[PDB]
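Structure first, then comments.
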Amino acid sequence: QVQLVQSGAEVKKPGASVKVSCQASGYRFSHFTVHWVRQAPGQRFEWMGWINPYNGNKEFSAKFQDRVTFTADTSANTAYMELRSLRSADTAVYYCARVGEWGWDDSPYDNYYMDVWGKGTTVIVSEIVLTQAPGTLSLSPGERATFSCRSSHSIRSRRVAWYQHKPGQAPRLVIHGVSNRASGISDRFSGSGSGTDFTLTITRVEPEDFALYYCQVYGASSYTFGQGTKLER
């Protein structure tokens with residue numbers, strides 16, 4: 001099945017640059033745009049940009065356009081990301097993520113959620129807002145869990161997605177398009193909402209469910225994540 005395998009962690013001095021590779025297997029590499037996303041210690045996930053290997057289109061976050069270069073090598077099934085002039089605030093885990101498969105009713109960009117993540121590569125160097133609640137949420141297997149996400153703008157387009165993260169492993173997509181449960185995701189999970197307030201719900205909690213949960217608004221040129229809700233046992 002679909003898999004994105006990244007290069008190894010690195011230690012870098014200030015001034016250096018770092019090149020992270022991302023090799024795809026289990027599908028046709030050039031038929032899916034790849035996002036690049038990072039997370040600095042105790043910060044929100046932060047989108048850097050995407051590349052579409054089919055036609056060479058690139059989209060860049062303004063925070064990173066000066067310092068980053070995306071490339072692709074379709075013979076090698078590999079996507080690359082290079083960041084120059086590293087500084088302290090560049091310590092982070094860097095992820096690649098493939099967009100979703102096109103939906104039979106989709107509008108332009110309805111599939112640009114992060115559908116499959118690589119495990120991430122750690123690099124150590126020597127305007128919509130989403131707010132989630134509660135910050136933490138303690139429960140025993142069996143109970144109902146309810147996650148909230150409030151947007152500052154109305155998300156008329158219904159491009160809200162929810163991700164599950166157990167640090168070390170790759171984030172998994174749980175819900176995209178507000179209410180669509182992603183493949184292989186249990187019946188226990190469902191999302192909902194509109195305009196400004198969205199919710200992820202788990203009817204009965206299994207032990208495999210304890211992790212962090214992030215909501216996201218996605219689109220063509222902007223992606224923002226909530227700060228995350230911790231589901232501890």
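Residue indices begin at 1 and follow the sequence shown. The figures that follow rest on heavy atoms only: side chains count, while hydrogens, waters and symmetry mates do not.
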With no hydrogens and no angle check, is any side-chain donor or acceptor of [X] less than 3.5 Å from a backbone partner on [Y]?
| X | Y | result |
| --- | --- | --- |
| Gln1 | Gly26 | no |
| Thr201 | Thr203 | no |
| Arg159 | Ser157 | no |
| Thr91 | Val125 | yes |
| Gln6 | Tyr94 | yes |
| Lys12 | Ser17 | yes |
| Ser152 | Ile128 | no |
| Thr33 | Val99 | no |

Between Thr199 and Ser192, a side-chain donor and acceptor under 3.5 Å = yes
ask   = Under 3.5 Å, is there a donor-acceptor pair between the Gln164 and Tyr213 side chains?
value =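 Indeed, the side chains of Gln164 and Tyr213 share at least one donor-acceptor pair under 3.5 Å.
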[X] to [Y] - nearest heavy-atom pair and separation:
| X | Y | answer |
| --- | --- | --- |
| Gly226 | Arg44 | O-CG, 3.9 Å |
| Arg38 | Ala92 | CD-CB, 4.0 Å |
| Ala211 | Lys166 | CB-CG, 3.7 Å |
| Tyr80 | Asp73 | CE1-CB, 3.8 Å |
| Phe45 | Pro171 | CZ-CG, 4.2 Å |
| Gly118 | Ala170 | O-CB, 3.5 Å |

For the residue pair [X] and [Y], is the inter-centroid distance of their aromatic rings smaller than 6.0 Å?
| X | Y | answer |
| --- | --- | --- |
| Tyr27 | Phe32 | yes |
| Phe225 | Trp47 | no |
| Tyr223 | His35 | yes |
| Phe198 | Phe147 | no |

Side chains of [X] and [Y] in contact at under 4.5 Å (non-hydrogen atoms):
| X | Y | result |
| --- | --- | --- |
| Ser7 | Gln23 | no |
| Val18 | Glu82 | no |
| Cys22 | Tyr95 | no |
| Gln132 | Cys215 | yes |
| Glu143 | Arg204 | no |
| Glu46 | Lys63 | yes |
| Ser126 | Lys13 | no |
| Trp162 | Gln216 | no |

As an exercise, state the distance from [atom1] of [X] to [atom2] of [Y], rounded to the nearest 0.5 Å.
| X | Y | atom1 | atom2 | value |
| --- | --- | --- | --- | --- |
| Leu83 | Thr69 | CG | OG1 | 10.5 Å |
| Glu59 | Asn52 | CD | CG | 11.0 Å |
| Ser148 | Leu130 | OG | CG | 12.5 Å |
| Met81 | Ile51 | CE | CD1 | 12.0 Å |
| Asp197 | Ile155 | CG | CD1 | 11.0 Å |
| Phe64 | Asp66 | CZ | CG | 12.0 Å |

request  = Let me know which of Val178, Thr229, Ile175 forms a side-chain contact (heavy atoms from CB on, under 4.5 Å) with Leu200.
outcome  =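 Of the listed residues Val178, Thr229, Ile175, the side-chain contact (heavy atoms from CB on, under 4.5 Å) partner of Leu200 is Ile175.
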message = Same cluster or not: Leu137 versus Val205, using hydrophobic residues (I, L, V, M, F, W, Y) connected whenever any side-chain heavy atoms lie under 4.5 Å apart?
response = yes
ask   = Hey, quick one: are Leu212 and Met114 part of the same hydrophobic cluster, counting side-chain heavy atoms closer than 4.5 Å, chains of contacts allowed?
value = yes
[X], [atom1]: over 12 other non-hydrogen atoms inside 6.0 angstrom:
| X | atom1 | value |
| --- | --- | --- |
| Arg172 | CZ | no |
| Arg84 | CZ | yes |
| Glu101 | CD | no |
| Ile124 | CD1 | no |

Salt bridge check, [Y] against [X]: does any charged N sit closer than 4.0 Å to a carboxylate O?
| X | Y | answer |
| --- | --- | --- |
| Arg98 | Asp115 | yes |
| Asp90 | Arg67 | yes |
| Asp209 | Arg188 | yes |

request  = Check the pair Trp36, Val20 against side chain to side chain contact (heavy atoms under 4.5 Å, CB included), reporting the backbone distance first and the verdict last.
outcome  = CA-CA 10 Å; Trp36 285 90; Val20 178; 3.8 Å; yes
key: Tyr214 and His165 aromatic ring geometry - parallel, tilted or perpendicular at 30°/60° bounds   =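 It falls in the tilted class, 30° to 60°.
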ask   = Once the angle between the rings of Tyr112 and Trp50 is folded into 0 to 90°, is it parallel (under 30°), tilted (30 to 60°) or perpendicular (over 60°)?
value =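 Geometry flag for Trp50 against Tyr112: perpendicular rings.
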key: Working for side chain to side chain contact (heavy atoms under 4.5 Å, CB included), residues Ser179 and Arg158   = CA-CA 9 Å; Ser179 42; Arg158 276 182 95 63; 3.4 Å; yes
request  = Take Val129 and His153 through the side chain to side chain contact (heavy atoms under 4.5 Å, CB included) test and state the conclusion after the steps.
outcome  = CA-CA 8 Å; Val129 153; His153 297 50; over 6 Å; no
key: For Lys230, salt bridge (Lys or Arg N to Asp or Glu O under 4.0 Å) partners two or more places apart   = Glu232
request  = Kindly indicate, with the supporting measurements, whether the criterion side chain to side chain contact (heavy atoms under 4.5 Å, CB included) is fulfilled by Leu231 and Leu139.
outcome  = CA-CA 7 Å; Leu231 186 55; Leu139 303 179; 4.1 Å; yes
key: Option among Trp117, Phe189, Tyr218, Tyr113 that satisfies the ring-ring contact (aromatic ring centres under 6.0 Å, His included) test with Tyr163   = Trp117
